[PDB]
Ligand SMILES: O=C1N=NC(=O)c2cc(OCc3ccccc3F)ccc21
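First, one chain by itself in C-alpha cells, the form deposited without the named molecule.
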C-alpha cells in the first residue's frame, strides 16, 4: 500500500527524498513552518520514505478510524530533536523509552507541537556542530484526547469503571491544544525532516 507519489525505491525499504522549492509539497511545509518561525531559514526538506514505519502506522490508523467512527484521528505536528537521534527516528520512528522529560510534563511519552516555534527551541532542535537545527513534520494519531498529567505511562481511561478503554492521546489544553503526547509505537509517522539555521 506504498503511496504512488513516492519515488521508486527498487526493492529498498528506506529513502530520504530532497524536495524542490516551487513544488506545492515543499511550499506547504515551508509555509506551515514559517507561520511561527519566520526568523529561521530552511536549508532543505527531505520526504521520509520508510516502508515498514508507513505500513505499521497505516494499520494503527485504520484501527483508530474503525474504533472511533467518523473522527479526524490524524494531525500534522512538529518534533524537534538532536542530530544524534535523526538516524534512529528516520529508520525506527518515535520511541517513548528515549523521550526527554518536557519542561511542562503531561505524561511520559513522545511530545509533538502544533506550532513549529515550540519545536524550534534549542532544548528540542539542538543546533549541531555546524549550527544545523532539525525538526520532523509528523502524521500523529491524536484520536480522541484529554488533558494529561505528569504520571501517565499510557493515556488515561475515558471511564474509571472501564480502565482498559483509553483516550488515544493527551494534550496540554483540550480547548486550545498546542502539544500532544502519545504512548505507543507506530502512532506517529515521521513524514518530513526540515534542516534549518538562524
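Positions refer to the first chain, counted from 1. Only residues modelled in both forms are compared. The term rigid core refers to the most C-alpha atoms you can superpose between the two forms while keeping them within 1.5 Å.
Absent from the display: the form solved in complex with the named molecule. The rest refers to it.
task = Given the named molecule as it appears in the bound PDB entry, superposed onto the chain shown via the C-alphas lining its site, indicate whether the pocket is open or blocked by backbone or C-beta atoms at a 2.4 Å cut-off with 3 or more atoms counting as blocked.
result = After the site C-alphas are aligned, the pocket of the shown chain is blocked to the transferred ligand.
query = Taking 78, 113 and 119 together, does each of them reach the named molecule in the bound PDB entry with some heavy atom inside 4.5 Å?
reply = Checking in the bound PDB entry: 78, 113 and 119 are all within 4.5 Å of the named molecule.
message = Quick check on residue 90: any heavy atom within 4.5 Å of the named molecule in the bound PDB entry?
response = Residue 90: no, not in contact with the named molecule in the bound PDB entry.
ask   = Considering only 30 to 55, what residues come within 4.5 Å of the named molecule in the bound PDB entry, judged by heavy atoms?
value = Sequence-ordered list is empty.
ask   = Are there runs of at least three residues between the shown form and the other one whose C-alphas all move 2 Å or more relative to the rigid core, and where are they?
value = Flagged stretch (3+ res, CA at least 2 Å): just 101 to 104.
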